[PDB]
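This document contains two forms of one protein chain, each encoded as structure tokens and listed individually as structure 1 and structure 2.
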Structure 1
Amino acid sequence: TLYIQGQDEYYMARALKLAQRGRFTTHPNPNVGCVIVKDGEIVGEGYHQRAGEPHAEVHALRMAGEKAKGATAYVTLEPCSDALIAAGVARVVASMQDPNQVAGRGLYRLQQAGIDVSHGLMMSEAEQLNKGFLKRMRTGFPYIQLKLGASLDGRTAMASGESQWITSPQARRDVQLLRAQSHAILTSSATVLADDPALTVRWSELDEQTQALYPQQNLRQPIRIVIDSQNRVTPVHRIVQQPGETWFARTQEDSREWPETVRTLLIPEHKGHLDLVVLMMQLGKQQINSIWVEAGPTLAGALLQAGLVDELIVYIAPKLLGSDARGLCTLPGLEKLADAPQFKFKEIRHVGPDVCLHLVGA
């Protein structure tokens, strides 16, 4: 009665924890956790590491071997569309049913062979495990995190230079970790021209996330997405010569030679500007789960007005900035924002000498 329903919450939670372990390497695939239990003991465990790699269930099955037969297989996301049939499990508990609403019902496919199925357990948590992916699936759009670095009174970088203010070493290290689980990193050409950044993940800037999993060589570099209407960023720029891909969102094709890692996407304009909504969506088709935006004032405002921001992370430095510095703060152009997907605070924490304010449209 209560014994089975209370013991489920132990093992499901264990499956969620394992799923979390692939969050850095898993794109465009979702995070899935699997735990197989036989009268009181975990006979098999597994989670999804990479896109080419085996699924979580496959891993746990290989581990469990013949011990899989008896009882319960705790999963995070409905399987299939196989193994658990031949494996011989009775009972599989899936945390959530699967987004894609058409062909997304092969949960019953297991009960077809008399398995005691069941879903919905700790779904709240399993949803939060795959925000990006689940949003790309349900809606057309990737999940967007806008990062801002401002001073006490809004304002950034002391000058207009569309460069991003990187508030502290601690703030940089914090962002690295947030970058590392993001599918892609987005920026504007104006930032690349002003900062010449690498926008990669340096492994050495991660903590005990370093061990828990994500060993050195497994390091996955998020896709680098750059907006420039005009093709102002030059192939000599640091960003394109980093390991991994870097995709330019161009108003028209470039004429030059770019390293093999570079790709281009063609995006129509909208009122003299490259259309961000079409872009976002085109990145959708491209299987992009989640974007981390390192933006100047202009880009950040455009995203907010275009209603494309899911959550914004604000790093505040303990400075008040001089006469009239830039920053999204107190600057004309942004008219109908008070009247557009407004946000609410989720978390606030110290980051070295800075504070980080998490908000989300909710």
Structure 2
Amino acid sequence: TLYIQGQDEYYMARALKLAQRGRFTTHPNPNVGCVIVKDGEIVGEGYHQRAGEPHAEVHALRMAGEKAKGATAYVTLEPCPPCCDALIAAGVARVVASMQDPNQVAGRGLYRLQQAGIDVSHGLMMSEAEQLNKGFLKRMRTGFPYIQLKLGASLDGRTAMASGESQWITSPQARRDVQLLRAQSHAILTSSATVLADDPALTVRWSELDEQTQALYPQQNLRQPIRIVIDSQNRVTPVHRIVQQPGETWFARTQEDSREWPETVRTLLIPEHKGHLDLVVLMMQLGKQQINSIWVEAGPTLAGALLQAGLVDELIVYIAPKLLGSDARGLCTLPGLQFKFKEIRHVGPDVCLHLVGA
């Protein structure tokens, strides 16, 4: 059972690689990959693309056909339409699933299979399955979505101020990385101060992508992340660039604004707490609305509050090697009295530093 240790280690790795092809367009649904082996050859493969599309497990079987009978299904997440009938119907001995269902009492999916004679197992490379759905996994376990907070800084610790979205991030390669990260998030969040001062679009520009351009992401599949903008004071206007983009835009409001907005604009009402809009109840609310993940593009004040409230799951920090002085204000300021470094990479002439809440 050591050969199969490696043998399974391989198909499962493939089944995960497949799952990610869906990472840009799958929200609010998890990513899921499926690989079906018969007598040591892959007879059917599949993964989740769009939200209203049929499951990975199903493409895999519709491709494998009669050849599914013999043996093995590597799935990325415990299977469970009726989707478990589907698997029985085709006739597979053995399924090896990476992680069992995130929610509680629904962890029984495998038992249903065991019952029909199928051999099962869970746990293999589970740690990576976990990584593949950080957001949707957290949403299910806790109320909330996974918040990523991106900061850009110069060596001397300063940033930007009133300069235009285009100058958020200096270098081409860094700009290009940020697009890539935005492109996988469910929502992008931003303050009203930022919209006011910068008139941004906060969209993913498809041209600015590397060789994911081929991966999935045909230009027409392009899915624009949901723009969430905060403002108690209803200061933003129907003419601002941010509401004219394709894609939904959502306002977190403290009280209903009366003006005409286009059909793709919604408002969420949030209670006030010690002066301004209750950040924590926004996060739950967005969780009730199925936001898996929220990528923050804010100034200092907002990044400050999010961190103080302890709602930030990861920090993506971009340092540029340039020095500044006064024009552009500091990067945080914090009175109160948490983090750990994960990946650090070069991004052309900038470095990118990932930190994680854990």
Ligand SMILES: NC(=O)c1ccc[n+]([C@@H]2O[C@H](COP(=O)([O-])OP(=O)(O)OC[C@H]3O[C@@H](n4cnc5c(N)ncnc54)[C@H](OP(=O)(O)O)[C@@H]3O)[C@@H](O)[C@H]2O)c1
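Start at 1 and count along the sequence of structure 1; that gives the residue numbers used here. For the two forms, the rigid core is made up of the largest set of C-alpha atoms that agree within 1.5 Å on superposition.
- Only structure 2 of the pair represents the form solved in complex with the ligand.
- Only one candidate in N130, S182, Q164, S95 has its Cα displaced by 2 Å or more between the two structures after core superposition: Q164.
- Shown in the overlay between the two structures, fitted on the rigid core, is a CA shift at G327 of 2 Å or greater.
- Taking the core as reference, the Cα of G352 moves 2.1 angstrom between the two structures.
- A C-alpha shift of 0.2 Å is found for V309 between the two structures, based on superposition of the rigid core.
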